[PDB]
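Structure record follows, encoded as structure tokens.
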Amino acid sequence: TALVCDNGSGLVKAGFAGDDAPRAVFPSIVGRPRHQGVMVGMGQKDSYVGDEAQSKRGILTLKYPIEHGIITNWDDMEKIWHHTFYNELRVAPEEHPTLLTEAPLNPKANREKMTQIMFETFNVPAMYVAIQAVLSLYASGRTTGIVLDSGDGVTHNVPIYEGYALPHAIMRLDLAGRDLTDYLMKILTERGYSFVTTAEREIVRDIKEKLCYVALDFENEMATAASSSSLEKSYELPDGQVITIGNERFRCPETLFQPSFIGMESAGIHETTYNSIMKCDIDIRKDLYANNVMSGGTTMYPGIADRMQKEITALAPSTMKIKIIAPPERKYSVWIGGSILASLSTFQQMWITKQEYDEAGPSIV
Amino acid sequence: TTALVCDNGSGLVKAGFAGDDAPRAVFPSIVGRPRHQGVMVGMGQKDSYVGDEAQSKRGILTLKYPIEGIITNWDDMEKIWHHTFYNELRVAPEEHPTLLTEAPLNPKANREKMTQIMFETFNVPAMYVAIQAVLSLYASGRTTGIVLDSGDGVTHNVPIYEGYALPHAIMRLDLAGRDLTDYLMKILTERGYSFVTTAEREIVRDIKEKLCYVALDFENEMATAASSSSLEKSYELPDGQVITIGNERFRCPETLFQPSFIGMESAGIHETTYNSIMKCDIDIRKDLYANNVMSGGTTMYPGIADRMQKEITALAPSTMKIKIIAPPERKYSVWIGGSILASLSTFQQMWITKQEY
Amino acid sequence: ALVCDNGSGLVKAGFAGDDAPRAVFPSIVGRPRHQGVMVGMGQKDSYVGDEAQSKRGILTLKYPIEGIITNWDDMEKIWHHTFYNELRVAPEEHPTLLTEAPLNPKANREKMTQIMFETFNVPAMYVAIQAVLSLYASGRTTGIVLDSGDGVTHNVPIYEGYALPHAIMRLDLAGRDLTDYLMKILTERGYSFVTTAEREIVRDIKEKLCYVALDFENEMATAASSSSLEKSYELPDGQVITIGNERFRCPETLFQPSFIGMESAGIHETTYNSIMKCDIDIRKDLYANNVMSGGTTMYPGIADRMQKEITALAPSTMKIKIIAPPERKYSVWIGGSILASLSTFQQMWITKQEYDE
């Protein structure tokens, strides 16, 4: 078949057209040496990518080619695709049409660079670049809906109508899956104990993906912390230090509603949905209010939907009913709807071919 | 009578009286409680000891530091605090108002029990317990700013405005002074040395005071050290041999910014400073950025100020005046604040007297 | 006397006599995170213009003026900042002129009349509609205006030194939205501009690169054909942008509000539509004399393009002339200073005694 890729800022999901579950999901990690040298038993490898880089640490810088939804480093991104084809999917690029996905606001310079490389460094027989929030809406079973794709580096509000993104309302706030982790670390160190230690990244994001929740009411909750141990959730770190975390458990994911909790100045995701849905025509605003879908990584947290709804209930005039659809698959949707779309028959004449590239070049994308 | 002030951290207590500008009893807040039956090479055998003699006792008494930036062990704290008003300060509690400082985030449960003990086990006629770095900014002569308070155990950022450190933005980092010594210790160990016991460890910490520095740029420094001898700063070890050290000198305290050298990823002292200034709201930021203030035993490190001038500017949008203020007094400024503040006539009616309690 | 031009973004002040405005600054005030009362301690007034931009609060950045002044406290605050901060004069001594937006509420003028005489104690105040003045910088009493400052574009008809409300067409566009559009499109060529410091870089780019191309379609094609529209600009830090189609996309926004996503008609549609609302015969003088003012008429090409559309929209025998001064950006003040200097007609200057009454 053909291949599909969600290149995250820190999670690349890959596979084919026609499967409902991603064939390969590795972090977008690029590991480069802190000095040329070796590790005993291995030699000097070209670079690191993904799990391999991460699960060792020591010897490397551990960068990322994508930040905030946009591709910033390019050489590294190519190294990752090299690790997606032969290394993850066990294929040669030239045999298999590839689909990769971009951020809703993604620069035309970025897209030209991407479709360039795919037909030069890789030489794939057909490619597509698709659009993160929009594909998630396809996986969400809808032509139309303002989606809230909070990946790893950003949320993205996008008023999709009839299978099209409306650009002038496409909001994006620079606080998400990543900024939310490091904040959870420092706040446990504020509390009690040295929550500082390199591996404790992955430890204190595992905490993030479980014990955290978006409190439905911060004012009630910060006080409830001081009333009852109810909120306190314990966690055995691998060393056996049964710790317990309390108000900070929310005080972290709440950053999306109050950006002041990390340090962005912007008003929060409720208001960024409201202020985009306003940049739409008064008419398409109702459907947006009925098909509002959360997507990506940072949408995981207990409460994040109802919190949104409540918030947009304050923000909405009395009549307008807000309806948030939390997807079961949410961290994968952008892959899912890509595959299914790429297998939809007619779409065979809706790829970018090697041929129209050797003719039109990057300017087709 | 006059009031007393006693600042507590994970390492050095400072005790004294109000009025004086300089702390009286600075000692290791170390107790030593008997491990088993053992006899000193000197003294016979006796119970728990606080201070320098406990360091010389090391193998007969188990040695605790009662404060890990928060009071962990309650009896041990009291053990010191008797040794303070009595063996150090040479006075009695009943005559004497006393101020104890504290590390900012201190849980309510600690504070309630702290009030109890000193009115009861000790019986001071009135007392106060007070937020450390606010008293540093005060000893710094300021209504505002942000202290980076870092010493033997815990490191802090307090964005202060008009009396208050912004609570939610008081950033803590538990990488501080012991973390630095035990790194500097491990480096030299790898090279073929080994301390462990008592004297040699302390020697390694003295080395930290004399040879160590944080350089502005770690990659240009990483280079020059490994290139040419300029940095090769010697020391005369108590056996005889000169340990020459060039790279390790700056390498050791770099753990404040790049903590990953020991193995720590949570946000470095610089990044914590950017994010406390941000973790507030938005206008007061300037006179936080322009009054980054250093206090505590660790901020003693040379070069550290020039480096933060880089380290904040890098992230802070161009038109913010970054200025790092660091007092010469710095290791005691929480006491120096606390004396003057205790002595304040204006503050008399805030001495919680033994009747209200 | 003085002249002090006020609006949703920029405020120009000086004396009657001078050719060019003495002080020009942003109408931004900050209002506190709620410490204090309206009458009580603390800086209600706070921070105006650059001082408020530099930090941004907390003291939340209330622009008071949307052409129409929404809330009168913040205007008082600016007017303090003008006479006392910007000019450094004595308001009691120096009769002030202030410049009002056509379709200001009459009650809004009453409050302007009051705050001047009461809090500022100015001996006499005058107030004049920004449009007729825009024509007095072009030497006329009569004519159709397209003012396009930083806030709201303005299609104002004038007969014999008076504006005709029934035609005065607003468009919620100018200057600001014009840069915040430019930010979205620079993003397409990598340059996601984001900070306020970057919006100051971006605003220089508007003036240097962005220009009202005579036609939209023939222009699009030349861009797509050939690089000649594209021109590199070096960013102050060291970088260089290149911009092509986008260069004219950015001013085109006046003619096409669908670009930003606004339900409102382009300046060509509104200019005309205001003149149709004019008297069937006076229309001739107005058409014959269109005067166009503001930071967003500074755009090169704008006069000929306006003239092209109005000729294609007005009858074959319609004698139209557009007028923009080379000093157009400031014209409300230049028009104002002439009036404020007109010492013979003087009794227009309603005094403190013509207010004691």
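Just remember, in the structure tokens the first chain shown is A, the second B, etc., residues are 1-based per chain, and ligands are 1-based in the order shown.
Counting only C-alpha atoms, every residue of chain B that comes within 10 Å of chain C is listed here: residues 280, 281, 282, 283, 284, 285, 286, 287, 317, 318, 319 and 320 of chain B.
Applying a distance limit of 6 Å to only C-alpha atoms, the residues of chain A near chain B read residues 190, 194, 196, 197, 198, 260, 261, 262 and 263 of chain A.
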Export of prior selection with N, CA and C atoms as a PDB file, in the first residue's frame:
ATOM      1  N   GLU A 190       9.129  21.760  44.559  1.00  0.00           N
ATOM      2  CA  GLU A 190       8.643  22.867  45.377  1.00  0.00           C
ATOM      3  C   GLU A 190       7.991  22.364  46.646  1.00  0.00           C
ATOM      4  N   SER A 194      13.642  16.238  46.032  1.00  0.00           N
ATOM      5  CA  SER A 194      14.363  16.451  44.781  1.00  0.00           C
ATOM      6  C   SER A 194      13.803  15.686  43.577  1.00  0.00           C
ATOM      7  N   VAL A 196      14.270  16.116  40.321  1.00  0.00           N
ATOM      8  CA  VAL A 196      15.151  16.837  39.413  1.00  0.00           C
ATOM      9  C   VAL A 196      15.799  15.979  38.323  1.00  0.00           C
ATOM     10  N   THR A 197      15.894  14.659  38.506  1.00  0.00           N
ATOM     11  CA  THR A 197      16.994  13.858  37.955  1.00  0.00           C
ATOM     12  C   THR A 197      16.951  13.114  36.618  1.00  0.00           C
ATOM     13  N   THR A 198      17.728  13.526  35.601  1.00  0.00           N
ATOM     14  CA  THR A 198      17.577  13.174  34.184  1.00  0.00           C
ATOM     15  C   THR A 198      16.562  12.177  33.645  1.00  0.00           C
ATOM     16  N   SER A 260      -0.281  31.612  32.555  1.00  0.00           N
ATOM     17  CA  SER A 260       0.486  32.158  33.677  1.00  0.00           C
ATOM     18  C   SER A 260       1.090  31.082  34.578  1.00  0.00           C
ATOM     19  N   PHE A 261       0.504  29.878  34.642  1.00  0.00           N
ATOM     20  CA  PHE A 261       1.076  28.774  35.397  1.00  0.00           C
ATOM     21  C   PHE A 261       2.415  28.244  34.895  1.00  0.00           C
ATOM     22  N   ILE A 262       2.736  28.405  33.609  1.00  0.00           N
ATOM     23  CA  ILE A 262       4.129  28.268  33.241  1.00  0.00           C
ATOM     24  C   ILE A 262       4.678  29.674  33.073  1.00  0.00           C
ATOM     25  N   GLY A 263       4.105  30.531  32.212  1.00  0.00           N
ATOM     26  CA  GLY A 263       4.754  31.797  31.935  1.00  0.00           C
ATOM     27  C   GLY A 263       4.475  32.384  30.567  1.00  0.00           C
TER      28      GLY A 263
END
I want to know what sits within 10 Å of residue 273 (chain A), based on only C-alpha atoms, with residues of the same chain fewer than 4 positions away left out; could you give that as a list in words? residues 146, 147, 148, 156, 157, 158, 159, 169, 170, 171, 172, 268, 269, 277, 278, 279, 288, 289, 292, 308, 312 and 315 of chain A
Proximity check chain C to chain A, 6 Å, nearest pairs one decimal Å, only C-alpha atoms, as CSV:
residue,atom,partner,partner_atom,distance
C:187,CA,A:107,CA,6.0
C:188,CA,A:107,CA,3.9
C:189,CA,A:109,CA,5.1
C:190,CA,A:107,CA,5.4
Selected residues written out with C-alpha atoms, as a PDB file, in the first residue's frame:
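Contents of the output file again29.pdb:
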ATOM      1  CA  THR C 187       4.958  33.321   8.848  1.00  0.00           C
ATOM      2  CA  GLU C 188       4.474  31.613   5.406  1.00  0.00           C
ATOM      3  CA  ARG C 189       8.149  32.185   4.538  1.00  0.00           C
ATOM      4  CA  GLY C 190       9.363  30.781   7.865  1.00  0.00           C
TER       5      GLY C 190
END
Contacts of residue 6 (chain C) at 9 Å (only C-alpha atoms; same-chain gap of 6+ positions) as an MDAnalysis selection string: chainID C and resid 12:13 27 65 67 75 98:101
Could you dump the residues just selected with N, CA and C atoms as an mmCIF file, in the first residue's frame?
data_model
loop_
_atom_site.group_PDB
_atom_site.id
_atom_site.type_symbol
_atom_site.label_atom_id
_atom_site.label_comp_id
_atom_site.auth_asym_id
_atom_site.auth_seq_id
_atom_site.Cartn_x
_atom_site.Cartn_y
_atom_site.Cartn_z
ATOM 1 N N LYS C 12 -0.535 63.084 19.118
ATOM 2 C CA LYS C 12 0.437 64.080 18.699
ATOM 3 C C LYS C 12 0.128 65.371 19.450
ATOM 4 N N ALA C 13 1.139 66.056 19.954
ATOM 5 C CA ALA C 13 0.955 67.197 20.817
ATOM 6 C C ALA C 13 2.002 68.233 20.474
ATOM 7 N N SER C 27 -1.400 55.920 22.680
ATOM 8 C CA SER C 27 -2.448 55.914 23.688
ATOM 9 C C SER C 27 -2.590 54.517 24.303
ATOM 10 N N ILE C 65 -9.283 54.983 23.711
ATOM 11 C CA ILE C 65 -9.772 55.737 22.583
ATOM 12 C C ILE C 65 -9.925 54.679 21.520
ATOM 13 N N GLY C 67 -11.184 56.019 18.612
ATOM 14 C CA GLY C 67 -11.735 57.232 18.015
ATOM 15 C C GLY C 67 -12.717 57.913 18.966
ATOM 16 N N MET C 75 -8.184 58.656 29.396
ATOM 17 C CA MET C 75 -7.886 59.889 28.702
ATOM 18 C C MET C 75 -7.282 60.975 29.561
ATOM 19 N N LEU C 98 -7.583 70.027 21.345
ATOM 20 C CA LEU C 98 -7.637 68.577 21.342
ATOM 21 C C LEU C 98 -8.475 68.186 20.134
ATOM 22 N N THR C 99 -8.211 67.041 19.530
ATOM 23 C CA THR C 99 -8.797 66.699 18.241
ATOM 24 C C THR C 99 -9.806 65.549 18.279
ATOM 25 N N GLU C 100 -11.094 65.805 18.047
ATOM 26 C CA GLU C 100 -12.076 64.747 18.245
ATOM 27 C C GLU C 100 -12.501 64.018 16.983
ATOM 28 N N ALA C 101 -12.884 62.753 17.162
ATOM 29 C CA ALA C 101 -13.373 61.939 16.058
ATOM 30 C C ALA C 101 -14.812 62.235 15.641
#
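By chain and then residue number, the residues within 9 Å of region 37-46 of chain C are residues 29, 30, 31, 52, 59, 73, 74, 76, 77, 78 and 80 of chain C, counting only C-alpha atoms and disregarding those fewer than 6 positions away in sequence.
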Include C-alpha atoms and write out the residues we just selected as a JSON list (two decimals), in the first residue's frame.
[["chain", "number", "residue", "atom", "x", "y", "z"],
["C", 29, "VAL", "CA", -2.66, 53.29, 29.79],
["C", 30, "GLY", "CA", -2.35, 50.51, 32.37],
["C", 31, "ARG", "CA", -4.91, 49.87, 35.14],
["C", 52, "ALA", "CA", 3.35, 50.86, 29.42],
["C", 59, "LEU", "CA", -1.58, 47.44, 34.94],
["C", 73, "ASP", "CA", -10.31, 58.06, 33.24],
["C", 74, "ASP", "CA", -7.66, 56.78, 30.86],
["C", 76, "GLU", "CA", -7.27, 62.06, 31.78],
["C", 77, "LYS", "CA", -4.21, 59.95, 32.41],
["C", 78, "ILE", "CA", -2.88, 60.49, 28.85],
["C", 80, "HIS", "CA", -1.48, 64.29, 32.22]]
Please return, as a PyMOL selection string, all residues of region 29-275 of chain C that DSSP assigns to strand (DSSP E or B) on the basis of the backbone. chain C and resi 29+31+48+60+65-66+68-69+96-100+124-129+143-147+153-158+163+169-171+231-234+240-243
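Running DSSP on the backbone gives helix (DSSP H, G or I) for these residues within region 263-332 of chain B: residues 269, 270, 271, 272, 273, 274, 275, 276, 277, 278, 279, 286, 287, 288, 289, 296, 297, 298, 299, 304, 305, 306, 307, 308, 309, 310, 311, 312 and 313 of chain B.
Using only C-alpha atoms, the residues found no farther than 12 Å from residue 257 (chain C), other than those of its own chain fewer than 5 positions away, are residues 168 of chain A; 171, 172, 173, 174, 177, 178, 181, 249, 250, 251, 252, 262, 263, 264, 265, 266, 267, 268, 269 and 270 of chain C.
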If you count only C-alpha atoms, which residues fall within 12 Å of region 317-325 of chain A, apart from same-chain ones fewer than 2 positions away, as a ChimeraX atom specification? /A:136-137,139-142,145-148,270,273-274,277,282-283,285-295,299,303-315,327-330
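For the choices A:28, A:227, A:181, A:220, the atom-to-atom distance to residue 202 (chain A) is smallest for A:181 when using only C-alpha atoms.
Our summary of the geometry notes that CA of residue 129 (chain B) is positioned 25.2 Å from CA of residue 291 (chain B).
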